[PDB]
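Protein chains in written order, with the entry's author numbering: chain W, 1 to 57; chain P, 1 to 57; chain H, 227 to 279; chain U, 227 to 279. Single-structure report; data block below.
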Amino acid sequence: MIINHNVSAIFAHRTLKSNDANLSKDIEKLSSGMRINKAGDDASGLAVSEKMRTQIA
Amino acid sequence: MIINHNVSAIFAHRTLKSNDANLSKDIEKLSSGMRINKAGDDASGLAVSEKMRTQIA
Amino acid sequence: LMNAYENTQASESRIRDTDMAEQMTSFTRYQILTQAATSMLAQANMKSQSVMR
Amino acid sequence: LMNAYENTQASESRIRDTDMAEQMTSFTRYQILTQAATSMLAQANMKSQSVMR
């Protein structure tokens with residue numbers, strides 16, 4: 001075995017890494033009660049929503 | 001994972017901070033029965049209402 | 227005088243007074259949002275313990 | 227008198243009373259760090275026994 005580098009640990013670190021980032025956004029949307037929180041969740045959806053919020057006001 | 005700081009709890013608490021904050025203003029109007037409890041919520045609405053209450057009295 | 231007073235009181239009510247039916251709907255909105263943001267905050271606390279193993 | 231009492235109390239409570247939700251976050255954070263160093267503290271003691279064979 002090539003003990004010098006842990007290739008499986010490199011892969012496992014990245015696979016775990018993405019799930020944590022995905023997990024964080026799920027906690028974001030359940031806490032705030034809205035599907036879009038920051039610029040980056042949906043570029044178009046924010047722009048469509050804000051105009052509707054202008055109409056509602 | 002990053003353990004020295006946790007931004008999942010940061011966003012949730014700041015979300016909770018404004019969740020509780022607006023709930024306080026909901027109790028104000030429900031208990032009072034008056035929609036404008038303090039100045040700023042409707043600055044000109046409160047101002048016109050005072051001029052109306054001036055005439056009503 | 228009475229008629230004008232009655233009309234201004236109706237006019238002042240719209241701006242100044244609140245709707246009990248309307249505000250309760252908004253009141254229950256944040257109350258559930260309060261619990262949800264609280265429940266997820268506890269979940270975020272438990273999140274970081276998983277790296278100990 | 228009653229109005230200033232409520233407002234002064236709010237101003238005081240902000241600087242004095244603590245937010246339980248935010249405080250629980252830092253408390254749970256520091257608890258894991260204590261288990262982190264304790265785990266590493268144990269390792270550093272067993273490390274010294276390599277060359278001592």
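Heads up, the beta-carbon is just placed ideally off N, CA and C, and yes, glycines get one too.
Out of the options, which one is the CA nearest neighbour of residue i?
i	options	result
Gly-33 of chain W	P:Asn-6, P:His-5 and P:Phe-11	P:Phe-11
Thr-254 of chain U	H:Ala-262, H:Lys-273, H:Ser-239 and H:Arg-255	H:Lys-273
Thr-15 of chain P	W:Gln-55, W:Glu-28 and W:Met-52	W:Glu-28
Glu-248 of chain U	P:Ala-43, P:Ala-9 and P:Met-1	P:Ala-9
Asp-42 of chain P	H:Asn-229, H:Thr-234 and H:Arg-240	H:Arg-240
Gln-257 of chain U	H:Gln-275, H:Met-228, H:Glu-232 and H:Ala-236	H:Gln-275
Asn-233 of chain U	P:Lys-38, P:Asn-6, P:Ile-2 and P:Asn-4	P:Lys-38
Grab me the residues of residue i's own chain with a C-beta within less than 6 angstroms of its C-beta, minus the 5 sequence neighbours each way, in chain order.
i	result
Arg-242 of chain H	none
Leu-227 of chain H	none
List, in chain order, every chain W residue whose beta-carbon is nearer than 7 angstroms to that of residue i.
i	result
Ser-44 of chain P	Those within 7 angstroms of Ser-44 of chain P in chain W number zero; the least Cβ separation is about 15 angstroms.
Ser-8 of chain P	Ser-24 and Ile-27
Specify the secondary structure class of residue i as computed by DSSP and reduced to three states.
i	result
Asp-41 of chain P	coil
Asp-243 of chain H	strand
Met-278 of chain H	coil
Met-52 of chain W	helix
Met-34 of chain W	coil
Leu-46 of chain W	helix
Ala-270 of chain U	helix
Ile-3 of chain P	coil
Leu-227 of chain U	coil
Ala-262 of chain H	helix
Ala-57 of chain P	coil
Please list, in chain order, the chain H residues whose beta carbon lies closer than 8 angstroms to that of residue i.
i	result
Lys-38 of chain P	By Cβ distance, chain H contributes nothing, its closest Cβ being about 13 angstroms from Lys-38 of chain P, past 8 angstroms.
If the cut is a Cβ gap below 7 angstroms, which residues of chain H does residue i touch?
i	result
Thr-254 of chain U	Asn-271
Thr-251 of chain U	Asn-271
Taking Cβ positions, are residue i and residue j nearer each other than 7 angstroms?
i	j	result
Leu-259 of chain H	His-13 of chain P	no
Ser-31 of chain W	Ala-263 of chain H	yes
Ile-56 of chain P	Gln-269 of chain H	no
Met-1 of chain P	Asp-20 of chain W	yes
Check the Cβ of residue i against every Cβ in chain P and list those closer than 7 angstroms, keeping chain order.
i	result
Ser-32 of chain W	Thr-15
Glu-248 of chain U	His-13
Run down chain P in chain order and give the residues with a C-beta less than 8 angstroms from the C-beta of residue i.
i	result
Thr-260 of chain U	Neighbours of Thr-260 of chain U on chain P: none; closest Cβ ~11 angstroms, over 8 angstroms.
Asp-20 of chain W	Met-1
CB of residue i to nearest heavy atom of the ligand ZN: below 6 angstroms?
i	result
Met-228 of chain H	No copy of the ligand ZN appears in this structure; indeed no ligand is present at all.
Quick one: which chain U residues come within Cβ less than 9 angstroms of residue i?
i	result
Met-278 of chain H	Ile-258, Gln-261, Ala-262 and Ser-265
Using a Cβ-Cβ cut-off of 8 angstroms (strictly less than) and excluding sequence neighbours within five positions of residue i, which residues of its own chain qualify?
i	result
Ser-49 of chain W	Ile-36
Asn-271 of chain H	none
Taking 7 angstroms as the limit between beta carbons, can you name the residues of its chain near residue i, skipping five residues before and five after?
i	result
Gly-45 of chain W	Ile-36
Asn-4 of chain W	none
Any beta-carbon of chain B closer than 7 angstroms to the one on residue i?
i	result
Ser-274 of chain U	The chain labelled as chain B is not found among the protein chains of the depicted structure, namely W, P, H and U.
What residues from chain U crowd round residue i, counting only those whose CB sits closer than 8 angstroms?
i	result
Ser-274 of chain H	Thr-254, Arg-255 and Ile-258
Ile-3 of chain P	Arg-255, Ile-258, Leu-259 and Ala-262
What residues from chain H crowd round residue i, counting only those whose CB sits closer than 9 angstroms?
i	result
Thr-244 of chain U	None at all; the shortest Cβ gap to chain H is about 15 angstroms.
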